[PDB]
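Below are two forms of the same protein chain, given as structure tokens: structure 1, then structure 2.
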Structure 1
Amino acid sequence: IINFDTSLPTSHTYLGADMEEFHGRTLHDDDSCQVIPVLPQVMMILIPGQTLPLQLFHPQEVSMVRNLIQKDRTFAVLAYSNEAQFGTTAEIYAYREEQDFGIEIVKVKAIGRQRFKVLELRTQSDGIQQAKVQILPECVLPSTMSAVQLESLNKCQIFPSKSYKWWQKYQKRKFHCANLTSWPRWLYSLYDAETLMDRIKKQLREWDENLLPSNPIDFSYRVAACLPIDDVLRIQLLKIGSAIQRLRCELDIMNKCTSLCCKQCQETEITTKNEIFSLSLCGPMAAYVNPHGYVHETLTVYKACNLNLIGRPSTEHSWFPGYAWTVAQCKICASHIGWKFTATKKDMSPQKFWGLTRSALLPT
């Protein structure tokens, strides 16, 4: 049973309140080329629709962001594979400068909007890189049946929606004109956005008992961002350009994964895919910032193994309000794997969970 307010983590209140907010989405024509500032120290693959908090202190980046708020509030994040070929543009949607602890630090909450392929990088005189990139479009395809659909029963394309028998009726009625082609209905169902989305929803709910958007594009992006997967497959999903292909690849990757081990000693099983649970409404995994400006892709799980707790619990800068953290590291090789979050009150739930940093784990 969970009663923790799942919208609290998404706010990133640990950064603070009274932050300036902006509205008005800034989009770039989906095939052109542009010049975009690159944030140097963000070693992270950002997927569209995914929040990214930052606390910048280098004068280079601070001056950049001060300039950006007066211009297109957009920068680039390169999906390094080792060396950049693709990336995502992030748009600043919250901002605040402070002079805390003797330096001027600018804290920004940004969001991924568009993907791109990297054409060239140019290191400005400031030590900063400007990326000349070409925007990639989202190839939205129609129904597989729109070309071969029969007109007389085009009236039957609108379904009353309210379950297994319902989906059997759905396959029978939507892909009726599949009889005109050389493939069966069940074959077309493997390329239908709705069936793929429903399959993914069910297959997640198998892991997370208490368990997403409705359009296929956002659904595919969210599923890609919140999976327990390494960097190579992350970039593979990023460079896939169609929602249907992305959903199919996500389903395959979702099926294959089994367990997560400590990266430095690969035989130490930290957890299994059935412990993954979503403590925030943005998904099982999300990107947070610690007090010194390092981004961690924390994955919430119910039970972890071969982890040693270290240090005092602290509710300082907690990413999950109402919980503390104890530094958890592998007991075989003493490498930091994540933190152990515990409730500060009774009547809360879960009283315990583990936030594991993605870069300290290895799927197997």
Structure 2
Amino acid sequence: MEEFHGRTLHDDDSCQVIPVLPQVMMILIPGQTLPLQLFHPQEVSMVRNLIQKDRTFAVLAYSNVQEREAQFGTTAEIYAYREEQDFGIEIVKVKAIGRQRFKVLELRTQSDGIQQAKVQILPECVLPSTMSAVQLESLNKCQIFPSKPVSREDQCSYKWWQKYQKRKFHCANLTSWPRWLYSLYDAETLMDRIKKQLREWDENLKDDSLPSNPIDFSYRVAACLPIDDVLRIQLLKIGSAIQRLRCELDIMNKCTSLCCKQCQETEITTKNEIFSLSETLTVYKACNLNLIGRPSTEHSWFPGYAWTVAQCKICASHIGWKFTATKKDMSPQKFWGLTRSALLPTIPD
């Protein structure tokens, strides 16, 4: 593709009229790449004109595709642009990354075929520290903490974080609210909560796979975690980093049903029944599961625990093993040690 070195940054709270390609009808969160392939001659000409002019495009996040009405959208800068001449049809391949979010003030359609709309760049504002207003002057020197010691041996890292909400929010005693309430509005403490919770859904290396900037971090997690379109629009409404993170936890603790991967339609178990008496997720009870094979207890790390192969009902894929007791006086009798990555939690409706 064509290498691009310039950076485009539209002024915040500044109205602008730009055209939007009609092929894309999905919500594109900022920081998420949206590669496509335009074949119509009008689309190719519009793409070429945009690349030569500003290498920018608009994508209105329509609540309903049929209505084609959107109250907000995202501007995309073409990071990569390529032209292909195959099968006698010109194909324009653009790998663009969303940059800004704009609210569509006025909608219009051009005569050429594309639709040009006038929108105002919504301000994705950033808030300062909640203690900046009430911080004691003498205590300012004790707010630069001592690096961030992170290790898998510490696991919970309970001791270090208990010292964070005791040196960062000491000044909370001057206000009517406690420190543990302010810790619910702390950007780094929030990013802490998403990070450790996501390590309960995948085996990713959160050290470098996730950013340190709250704004950039909030965008990609909202894109990465699987939700419906209406929820994606809802998070797009928020213009603040902390409020967006707060909404994320609600769209992340209201998804209890551990549905299968691949399936994405059947319900394996629920988060309520978690046999945490003794990696893998242990569930005391399970349903809609098929057990096959033999209770092979060889090398069974879990003693008095014989396991057999498992499948959902149709997905037929291995998602774990229902450990069975090898002794009469053994509890629990049957616990399913399902794999963390084999399930995709969804809202329990």
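Structure 1 provides the reference sequence; residues are numbered from 1 along it. Note that the rigid core is defined as the largest set of C-alphas that superpose within 1.5 Å between two forms. Only residues modelled in both forms are compared.
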Fill in: Core-aligned C-alpha movement of residue 76 between the two structures reaching 2 Å
no
Fill in: Residue shift check between the two structures, rigid core fit, residue 49 Cα at least 2 Å
no
Worksheet entry | Whole-degree angle by which the smaller rigid part turns once the larger is superposed between the two structures | 78
Fill in: Rigid-core-fitted C-alpha displacement of residue 128 between the two structures (angstrom)
1.2
Discussion item. Could you state, for a rigid core superposition, the Cα shift of residue 109 between the two structures in Å?
Written reply: 0.4
Worksheet, complete the sentence: For residue 265, the CA shift between the two structures after fitting the core, in Å, is 12.2
Worksheet item: Can you list, in sequence order, the runs of 3 or more consecutive shared residues with C-alpha shifts of 2 Å or more between the two structures on the rigid core?
Response: 209-211, 258-280, 297-364
